[PDB]
Structures are given as C-alpha cells and as structure tokens.
$ cat data.txt   # compact mmCIF, C-alpha atoms and all ligand atoms
# COMPACT_ATOMS: atom_id res chain seq x y z
CA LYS S 1 -126.12 -114.86 -134.56
CA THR S 2 -124.45 -118.16 -133.55
CA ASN S 3 -121.25 -117.78 -135.58
CA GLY S 4 -117.90 -119.24 -134.47
CA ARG S 5 -117.72 -119.94 -130.72
CA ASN S 6 -120.43 -117.48 -129.65
CA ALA S 7 -122.60 -120.26 -128.02
CA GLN S 8 -119.62 -121.78 -126.20
CA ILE S 9 -118.62 -118.30 -124.99
CA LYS S 10 -122.14 -117.64 -123.66
CA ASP S 11 -122.23 -121.11 -122.01
CA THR S 12 -118.97 -120.62 -120.08
CA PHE S 13 -120.09 -117.12 -118.95
CA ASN S 14 -123.47 -118.51 -117.78
CA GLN S 15 -121.57 -120.95 -115.52
CA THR S 16 -119.92 -117.89 -113.84
CA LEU S 17 -123.20 -116.01 -113.53
CA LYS S 18 -124.82 -119.13 -111.92
CA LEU S 19 -122.69 -118.55 -108.79
CA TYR S 20 -124.63 -115.31 -108.11
CA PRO S 21 -125.63 -115.26 -105.30
CA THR S 22 -123.64 -117.28 -102.75
CA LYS S 23 -124.62 -115.44 -99.57
CA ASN S 24 -122.58 -117.57 -97.14
CA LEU S 25 -118.89 -117.53 -97.99
CA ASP S 26 -118.35 -120.76 -95.97
CA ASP S 27 -120.31 -122.52 -98.76
CA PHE S 28 -117.15 -122.13 -100.87
CA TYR S 29 -115.33 -124.61 -98.58
CA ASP S 30 -117.68 -127.22 -100.00
CA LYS S 31 -117.81 -126.14 -103.67
CA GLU S 32 -115.43 -127.81 -106.07
CA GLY S 33 -114.76 -125.89 -109.32
CA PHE S 34 -113.05 -127.12 -112.51
CA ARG S 35 -109.90 -129.28 -112.01
CA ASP S 36 -106.93 -130.12 -114.29
CA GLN S 37 -103.40 -131.47 -113.70
CA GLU S 38 -102.43 -127.96 -112.29
CA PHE S 39 -103.93 -129.15 -108.99
CA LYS S 40 -101.56 -131.41 -107.06
CA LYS S 41 -103.46 -134.67 -106.22
CA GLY S 42 -104.30 -133.85 -102.59
CA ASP S 43 -105.11 -130.11 -103.16
CA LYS S 44 -108.81 -129.22 -102.86
CA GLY S 45 -108.39 -125.74 -104.31
CA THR S 46 -108.80 -122.19 -103.20
CA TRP S 47 -111.62 -119.79 -104.04
CA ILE S 48 -110.46 -116.27 -104.66
CA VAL S 49 -113.12 -113.65 -104.29
CA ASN S 50 -112.60 -110.02 -105.23
CA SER S 51 -114.89 -107.00 -105.54
CA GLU S 52 -113.65 -103.45 -106.22
CA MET S 53 -115.37 -100.10 -106.75
CA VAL S 54 -113.28 -97.75 -108.96
CA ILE S 55 -114.34 -94.10 -108.91
CA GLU S 56 -112.24 -91.71 -111.03
CA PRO S 57 -114.30 -88.62 -111.84
CA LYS S 58 -113.33 -86.03 -114.45
CA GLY S 59 -110.86 -83.50 -112.99
CA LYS S 60 -110.81 -85.03 -109.49
CA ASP S 61 -108.86 -87.34 -107.19
CA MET S 62 -109.10 -91.02 -108.01
CA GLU S 63 -110.19 -93.69 -105.48
CA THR S 64 -110.69 -97.42 -105.41
CA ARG S 65 -111.94 -99.61 -102.52
CA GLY S 66 -112.37 -103.40 -102.45
CA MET S 67 -111.39 -106.66 -100.83
CA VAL S 68 -109.79 -109.96 -101.84
CA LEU S 69 -110.16 -113.23 -99.87
CA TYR S 70 -108.40 -116.51 -100.42
CA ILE S 71 -110.79 -119.32 -99.31
CA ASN S 72 -108.47 -122.34 -98.80
CA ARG S 73 -110.44 -125.59 -98.78
CA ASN S 74 -107.35 -127.55 -97.62
CA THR S 75 -106.85 -125.65 -94.37
CA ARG S 76 -110.50 -124.53 -94.20
CA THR S 77 -109.26 -121.02 -93.34
CA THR S 78 -109.75 -117.73 -95.17
CA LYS S 79 -107.42 -114.69 -95.25
CA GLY S 80 -107.12 -111.55 -97.38
CA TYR S 81 -107.32 -107.77 -97.15
CA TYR S 82 -109.42 -104.69 -97.67
CA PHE S 83 -107.72 -101.84 -99.55
CA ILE S 84 -108.17 -98.17 -100.24
CA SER S 85 -106.14 -96.76 -103.16
CA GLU S 86 -105.93 -92.99 -103.69
CA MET S 87 -104.37 -91.26 -106.71
CA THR S 88 -104.13 -87.48 -106.71
CA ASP S 89 -102.17 -84.82 -108.60
CA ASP S 90 -100.67 -81.90 -106.68
CA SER S 91 -101.01 -78.45 -108.30
CA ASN S 92 -97.86 -79.02 -110.47
CA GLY S 93 -99.31 -82.23 -111.96
CA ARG S 94 -97.08 -84.40 -109.79
CA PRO S 95 -98.64 -87.70 -108.66
CA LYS S 96 -99.26 -88.13 -104.88
CA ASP S 97 -100.48 -91.75 -104.87
CA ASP S 98 -100.86 -94.45 -102.20
CA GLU S 99 -102.61 -97.68 -101.32
CA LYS S 100 -103.40 -98.93 -97.83
CA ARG S 101 -104.19 -102.56 -97.08
CA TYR S 102 -105.88 -103.85 -93.93
CA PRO S 103 -105.46 -107.60 -93.32
CA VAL S 104 -108.58 -109.64 -92.52
CA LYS S 105 -109.80 -113.18 -92.08
CA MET S 106 -113.20 -114.78 -92.64
CA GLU S 107 -114.82 -117.02 -90.02
CA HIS S 108 -118.48 -118.14 -89.92
CA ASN S 109 -119.35 -115.72 -92.77
CA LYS S 110 -117.97 -112.81 -90.70
CA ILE S 111 -115.18 -110.41 -91.68
CA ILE S 112 -112.62 -110.01 -88.90
CA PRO S 113 -109.70 -107.54 -89.10
CA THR S 114 -106.45 -109.22 -88.01
CA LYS S 115 -104.85 -105.86 -87.21
CA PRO S 116 -106.52 -102.89 -85.51
CA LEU S 117 -107.79 -99.90 -87.54
CA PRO S 118 -107.26 -96.12 -87.23
CA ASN S 119 -110.99 -95.43 -86.59
CA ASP S 120 -114.36 -97.04 -85.82
CA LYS S 121 -116.09 -96.06 -89.09
CA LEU S 122 -113.48 -97.92 -91.19
CA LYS S 123 -113.73 -100.93 -88.81
CA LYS S 124 -117.46 -101.10 -89.51
CA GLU S 125 -116.97 -100.65 -93.29
CA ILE S 126 -114.64 -103.66 -93.20
CA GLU S 127 -116.90 -105.73 -90.90
CA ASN S 128 -120.07 -104.90 -92.90
CA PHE S 129 -118.43 -105.59 -96.27
CA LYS S 130 -120.28 -107.79 -98.75
CA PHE S 131 -118.72 -109.16 -101.92
CA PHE S 132 -120.85 -108.79 -105.05
CA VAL S 133 -121.19 -112.60 -105.21
CA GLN S 134 -123.08 -112.38 -101.86
CA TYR S 135 -125.92 -110.17 -103.24
CA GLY S 136 -125.72 -110.20 -107.09
CA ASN S 137 -128.34 -112.16 -109.10
CA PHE S 138 -128.40 -112.51 -112.91
CA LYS S 139 -130.89 -113.78 -115.45
CA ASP S 140 -129.89 -116.48 -117.87
CA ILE S 141 -127.21 -114.94 -120.14
CA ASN S 142 -129.42 -115.57 -123.21
CA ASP S 143 -132.14 -113.34 -121.69
CA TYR S 144 -129.78 -110.33 -122.04
CA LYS S 145 -130.43 -108.78 -125.46
CA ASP S 146 -128.11 -107.55 -128.22
CA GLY S 147 -124.92 -109.00 -126.78
CA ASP S 148 -121.64 -107.94 -128.36
CA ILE S 149 -119.51 -111.11 -128.42
CA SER S 150 -115.75 -110.93 -129.15
CA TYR S 151 -113.33 -113.79 -129.66
CA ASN S 152 -109.51 -113.91 -130.05
CA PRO S 153 -108.69 -117.59 -130.71
CA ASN S 154 -104.89 -117.17 -130.26
CA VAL S 155 -104.81 -116.31 -126.53
CA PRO S 156 -107.57 -117.50 -126.34
CA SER S 157 -109.73 -114.74 -124.87
CA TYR S 158 -113.34 -113.66 -125.16
CA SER S 159 -115.90 -111.19 -123.95
CA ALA S 160 -119.62 -110.43 -123.95
CA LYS S 161 -120.86 -106.87 -123.56
CA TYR S 162 -124.42 -105.74 -122.80
CA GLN S 163 -126.09 -102.42 -122.16
CA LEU S 164 -128.16 -102.51 -118.95
CA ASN S 165 -130.95 -100.20 -117.72
CA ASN S 166 -131.09 -98.43 -114.38
CA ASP S 167 -133.95 -100.72 -113.25
CA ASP S 168 -131.58 -103.71 -113.38
CA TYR S 169 -131.46 -105.54 -110.02
CA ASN S 170 -127.64 -105.60 -109.86
CA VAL S 171 -127.29 -101.92 -110.85
CA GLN S 172 -129.75 -100.98 -108.10
CA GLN S 173 -127.74 -103.00 -105.55
CA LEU S 174 -124.50 -101.20 -106.57
CA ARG S 175 -126.10 -97.75 -106.30
CA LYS S 176 -127.39 -98.61 -102.83
CA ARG S 177 -124.04 -99.95 -101.53
CA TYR S 178 -121.83 -97.36 -103.24
CA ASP S 179 -122.06 -93.62 -103.88
CA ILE S 180 -121.71 -93.70 -107.68
CA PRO S 181 -121.61 -90.09 -109.05
CA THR S 182 -123.11 -90.68 -112.51
CA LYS S 183 -126.71 -91.04 -113.69
CA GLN S 184 -125.64 -93.22 -116.65
CA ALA S 185 -126.81 -96.82 -117.04
CA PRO S 186 -123.82 -99.14 -117.08
CA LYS S 187 -122.67 -101.79 -119.48
CA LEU S 188 -122.04 -105.29 -118.21
CA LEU S 189 -118.81 -106.76 -119.52
CA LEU S 190 -117.96 -110.41 -119.10
CA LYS S 191 -114.34 -111.36 -119.77
CA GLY S 192 -112.55 -114.67 -120.00
CA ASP S 193 -109.42 -116.40 -121.25
CA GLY S 194 -107.86 -119.86 -121.48
CA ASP S 195 -109.76 -122.98 -122.59
CA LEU S 196 -113.46 -122.40 -123.31
CA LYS S 197 -114.49 -125.45 -121.20
CA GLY S 198 -112.48 -123.99 -118.30
CA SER S 199 -108.91 -124.07 -117.00
CA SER S 200 -106.97 -123.41 -113.76
CA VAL S 201 -104.68 -120.94 -115.54
CA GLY S 202 -107.61 -119.16 -117.20
CA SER S 203 -109.64 -116.26 -115.87
CA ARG S 204 -113.30 -115.21 -115.59
CA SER S 205 -114.44 -111.81 -114.39
CA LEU S 206 -117.13 -109.24 -114.77
CA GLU S 207 -117.46 -105.50 -114.75
CA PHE S 208 -120.19 -102.87 -114.54
CA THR S 209 -118.89 -99.92 -116.61
CA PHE S 210 -120.73 -96.68 -115.71
CA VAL S 211 -118.29 -94.31 -117.50
CA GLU S 212 -115.31 -95.02 -119.72
CA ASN S 213 -113.54 -92.13 -121.46
CA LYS S 214 -110.07 -90.56 -121.46
CA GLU S 215 -110.92 -88.12 -118.65
CA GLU S 216 -113.27 -90.27 -116.49
CA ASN S 217 -113.54 -93.91 -115.33
CA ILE S 218 -116.23 -95.27 -113.00
CA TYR S 219 -116.66 -99.04 -112.84
CA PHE S 220 -117.16 -102.10 -110.64
CA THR S 221 -115.27 -105.35 -111.05
CA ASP S 222 -115.92 -108.75 -109.54
CA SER S 223 -114.41 -112.20 -109.83
CA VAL S 224 -114.94 -115.57 -108.16
CA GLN S 225 -112.36 -118.15 -109.19
CA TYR S 226 -111.35 -121.69 -108.35
CA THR S 227 -107.53 -122.05 -108.37
CA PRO S 228 -104.73 -124.39 -107.32
CA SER S 229 -103.60 -123.50 -103.80
CA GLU S 230 -100.24 -122.28 -102.55
CA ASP S 231 -98.36 -125.11 -100.75
CA CA E 301 -110.32 -120.56 -114.49

$ encode --input "data.txt" --output "structure tokens"
Amino acid sequence: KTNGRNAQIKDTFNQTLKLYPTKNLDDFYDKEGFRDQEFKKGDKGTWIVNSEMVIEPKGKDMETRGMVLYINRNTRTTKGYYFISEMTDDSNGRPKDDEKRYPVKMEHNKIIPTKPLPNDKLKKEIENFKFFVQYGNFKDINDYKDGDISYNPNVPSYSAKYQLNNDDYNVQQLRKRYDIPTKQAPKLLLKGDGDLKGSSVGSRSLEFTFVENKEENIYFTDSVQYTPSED
C-alpha cells in the first residue's frame, strides 16, 4: 500500500542499503554524502561507521562488542575505538557493570591499535574486525515482502520492519562472525529521522533483531553516516 510517505520512506532507506558492501574503508575518503548548510564551506565531511553485537540472554550476564570509526575526509585520517561492555548482577541483584574501550586508527584498510592490549587474542579480534558495511549485501528494498512501514511526521521519524529467514545472506554472515545463541530468524529494522530527502542532523541505521522481550535481547546494529566534521 503506497499511502502517505511510504514510497519516500522506502526510497531513502534504499539509498542506505546501496552502500552495502563497501569492502575498502579508504573508499569513504572519496565518497561525498548529502550536504546542507551544517557543513562549513571548506569541510568535506566525516563518515562515521559503527557495528555492534548485543547479546543479553535470559537470566545471564549481558555483553556488547563493537567498534566506531570517524573517517575524516579533511585530514584523510581515521580514528575510533573497539569496546567491550559487560553488565552483570551480583547475587543480591546489585549491578556490576563496566565498559572498556581500546583506541584504534585505520590505515590502508587495516585496523591498528594505538595502545597495546592485555592479550594476543583480543589484539587479533581488533585487527581482524570487519564492519557490517564491509560484508553486508541487500536486495532492493522493494524485493523484501510485507514491510511494516511507520511514520511520525512531527519529529519526523520513520521505520521499515521486515521478517527475514535464516537463509538470508546477511543473517548467515552474522551467524558466521558472531556466536548468536538463538535459532530464531531475525527481523530487519530500518530506522531514520530528520528530512526524508536527507539531512546532516538526521540519522539512518539498521538492526537485525533476533530476540526482543522483557527478559532477553539479542540484536545487531549498524550505521554508516555522513556528518559535518569537528573543527
Ligand atoms: Ca543524515
């Protein structure tokens, strides 16, 4: 059904999905996204890339691992960090939570820690890291069936939700790169806000939701966004 802004919503999301894959992160130095007057004249923009695997099983410790990189096209340098967040409850129900960040830089499509690590295995996990934009690959948005499109014109914000099967290319890639403890086929959720044609201030992201209830949350989030740079 093409009511309201459903077609415009699908169109903007297809523009996000078109970026999958971009195997060489250096390519971002030469990609120009959408520009407004939030970019100061001489600023060429920064590409922020972020992938995170959230695994919070029922009745168990919670853990998230991911990375963020800031690809600055002005300086042609890229810095960010890998992180491991852990949230646990001691026997009295008291939180014992932490998050550790390991600074890194990107050079010649390689991930290089800028501080040493506590062990070799973690060093390799950081060096071998691949953002979802480096191996994801979607079909045209319109090829995904029975989409649930939502639109709040006041923000404005929007979303498109689809049920995927376990034979989906992307799902198979996630199960190979991560130890996801759930047989369930995930939903793909596209989210956006700000002008439908695009904006600097606005956001675009995606998620693969394997489980979502009050006791358990297992999901994967990814975003690739063109933003004004820091001065
Ligand atoms: Ca935007």

$ residues_near_point --input "data.txt" --point "(-120.2, -118.7, -133.4)" --cutoff "12 Å" --atoms "all atoms listed in the file" --output "number ranges by chain"
S: 1-11, 148-151, 153, 158

$ residues_near_point --input "data.txt" --point "(-117.9, -105.7, -105.7)" --cutoff "8 Å" --atoms "only C-alpha atoms" --output "list in words"
residues 50, 51, 52, 53, 66, 130, 131, 132, 133, 220, 221 and 222 of chain S

$ atom_distance --input "data.txt" --atom1 "atom CA of residue S:140" --atom2 "atom CA of residue S:30"
24.2 Å

$ residues_around --input "data.txt" --residues "residue S:161" --least-positions-apart "2" --cutoff "8 Å" --atoms "only C-alpha atoms" --output "VMD selection string"
chain S and resid 147 to 149 159 163 187 to 190

$ closest_atom_pairs --input "data.txt" --of "chain S" --to "ligand CA 301 (chain E)" --cutoff "7 Å" --atoms "all atoms listed in the file" --output "Markdown table"
| residue | atom | partner | partner_atom | distance |
| --- | --- | --- | --- | --- |
| S:198 | CA | E:CA301 | CA | 5.6 |
| S:199 | CA | E:CA301 | CA | 4.5 |
| S:200 | CA | E:CA301 | CA | 4.5 |
| S:201 | CA | E:CA301 | CA | 5.7 |
| S:202 | CA | E:CA301 | CA | 4.1 |
| S:203 | CA | E:CA301 | CA | 4.6 |
| S:204 | CA | E:CA301 | CA | 6.2 |
| S:225 | CA | E:CA301 | CA | 6.2 |
| S:226 | CA | E:CA301 | CA | 6.3 |
| S:227 | CA | E:CA301 | CA | 6.9 |

$ residues_around --input "data.txt" --residues "residue S:139" --least-positions-apart "4" --cutoff "10 Å" --atoms "all atoms listed in the file" --output "PyMOL selection string"
chain S and resi 14+17-18+20+143-144+169

$ atom_distance --input "data.txt" --atom1 "atom CA of residue S:231" --atom2 "atom CA of residue S:46"
11.1 Å

$ atom_distance --input "data.txt" --atom1 "atom CA of residue S:179" --atom2 "atom CA of residue S:105"
25.9 Å

$ closest_residue --input "data.txt" --among "S:157, S:223, S:182, S:78" --to "residue S:58" --atoms "all atoms listed in the file"
S:182

$ residues_around --input "data.txt" --residues "residue S:180" --least-positions-apart "6" --cutoff "12 Å" --atoms "all atoms listed in the file" --output "PyMOL selection string"
chain S and resi 53-57+63-64+171-174+186+208-211+217-220

$ residues_around --input "data.txt" --residues "residue S:103" --least-positions-apart "3" --cutoff "9 Å" --atoms "only C-alpha atoms" --output "PyMOL selection string"
chain S and resi 79-83+112-115

$ write_last_selection --input "data.txt" --atoms "C-alpha atoms" --output "compact mmCIF listing (two decimals), keeping the file's coordinate frame"
# COMPACT_ATOMS: atom_id res chain seq x y z
CA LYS S 79 -107.42 -114.69 -95.25
CA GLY S 80 -107.12 -111.55 -97.38
CA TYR S 81 -107.32 -107.77 -97.15
CA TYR S 82 -109.42 -104.69 -97.67
CA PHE S 83 -107.72 -101.84 -99.55
CA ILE S 112 -112.62 -110.01 -88.90
CA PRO S 113 -109.70 -107.54 -89.10
CA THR S 114 -106.45 -109.22 -88.01
CA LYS S 115 -104.85 -105.86 -87.21

$ closest_residue --input "data.txt" --among "S:213, S:166, S:91, S:74" --to "residue S:41" --atoms "all atoms listed in the file"
S:74

$ residues_around --input "data.txt" --residues "residue S:128" --least-positions-apart "6" --cutoff "10 Å" --atoms "only C-alpha atoms" --output "PDB file with C-alpha atoms, in the frame of the given file"
ATOM      1  CA  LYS S 110    -117.970-112.810 -90.700  1.00  0.00           C
ATOM      2  CA  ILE S 111    -115.180-110.410 -91.680  1.00  0.00           C
ATOM      3  CA  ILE S 112    -112.620-110.010 -88.900  1.00  0.00           C
ATOM      4  CA  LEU S 122    -113.480 -97.920 -91.190  1.00  0.00           C
TER       5      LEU S 122
END

$ closest_residue --input "data.txt" --among "S:90, S:127, S:43, S:167" --to "residue S:75" --atoms "only C-alpha atoms"
S:43

$ closest_residue --input "data.txt" --among "S:192, S:118, S:42, S:181" --to "residue S:13" --atoms "only C-alpha atoms"
S:192

$ closest_residue --input "data.txt" --among "S:37, S:85, S:92, S:16" --to "residue S:136" --atoms "all atoms listed in the file"
S:16

$ build_atoms --input "data.txt" --residues "stretch 157-172 of chain S" --atoms "N, CA and C atoms" --output "mmCIF file, in the frame of the given file"
data_model
loop_
_atom_site.group_PDB
_atom_site.id
_atom_site.type_symbol
_atom_site.label_atom_id
_atom_site.label_comp_id
_atom_site.auth_asym_id
_atom_site.auth_seq_id
_atom_site.Cartn_x
_atom_site.Cartn_y
_atom_site.Cartn_z
ATOM 1 N N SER S 157 -108.971 -115.627 -125.731
ATOM 2 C CA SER S 157 -109.730 -114.740 -124.870
ATOM 3 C C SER S 157 -111.045 -114.371 -125.526
ATOM 4 N N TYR S 158 -112.004 -113.950 -124.703
ATOM 5 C CA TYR S 158 -113.340 -113.660 -125.160
ATOM 6 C C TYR S 158 -114.051 -112.723 -124.223
ATOM 7 N N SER S 159 -115.101 -112.105 -124.735
ATOM 8 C CA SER S 159 -115.900 -111.190 -123.950
ATOM 9 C C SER S 159 -117.331 -111.083 -124.480
ATOM 10 N N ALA S 160 -118.227 -110.639 -123.611
ATOM 11 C CA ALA S 160 -119.620 -110.430 -123.950
ATOM 12 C C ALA S 160 -119.992 -109.128 -123.265
ATOM 13 N N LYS S 161 -120.500 -108.183 -124.054
ATOM 14 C CA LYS S 161 -120.860 -106.870 -123.560
ATOM 15 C C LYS S 161 -122.338 -106.575 -123.789
ATOM 16 N N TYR S 162 -122.998 -106.047 -122.753
ATOM 17 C CA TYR S 162 -124.420 -105.740 -122.800
ATOM 18 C C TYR S 162 -124.693 -104.384 -122.205
ATOM 19 N N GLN S 163 -125.666 -103.682 -122.749
ATOM 20 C CA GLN S 163 -126.090 -102.420 -122.160
ATOM 21 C C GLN S 163 -127.232 -102.754 -121.193
ATOM 22 N N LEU S 164 -127.126 -102.282 -119.954
ATOM 23 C CA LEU S 164 -128.160 -102.510 -118.950
ATOM 24 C C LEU S 164 -128.946 -101.221 -118.734
ATOM 25 N N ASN S 165 -130.097 -101.344 -118.076
ATOM 26 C CA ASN S 165 -130.950 -100.200 -117.720
ATOM 27 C C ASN S 165 -130.808 -99.942 -116.239
ATOM 28 N N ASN S 166 -131.190 -98.747 -115.789
ATOM 29 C CA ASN S 166 -131.090 -98.430 -114.380
ATOM 30 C C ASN S 166 -132.098 -99.173 -113.486
ATOM 31 N N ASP S 167 -133.026 -99.928 -114.071
ATOM 32 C CA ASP S 167 -133.950 -100.720 -113.250
ATOM 33 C C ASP S 167 -133.406 -102.135 -113.051
ATOM 34 N N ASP S 168 -132.193 -102.395 -113.531
ATOM 35 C CA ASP S 168 -131.580 -103.710 -113.380
ATOM 36 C C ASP S 168 -131.287 -103.955 -111.887
ATOM 37 N N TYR S 169 -131.648 -105.148 -111.421
ATOM 38 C CA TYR S 169 -131.460 -105.540 -110.020
ATOM 39 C C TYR S 169 -130.035 -105.277 -109.503
ATOM 40 N N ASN S 170 -129.044 -105.770 -110.233
ATOM 41 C CA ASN S 170 -127.640 -105.600 -109.860
ATOM 42 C C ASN S 170 -127.216 -104.125 -109.821
ATOM 43 N N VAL S 171 -127.629 -103.343 -110.813
ATOM 44 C CA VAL S 171 -127.290 -101.920 -110.850
ATOM 45 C C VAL S 171 -127.853 -101.219 -109.610
ATOM 46 N N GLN S 172 -129.098 -101.550 -109.268
ATOM 47 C CA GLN S 172 -129.750 -100.980 -108.100
ATOM 48 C C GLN S 172 -129.010 -101.353 -106.801
#
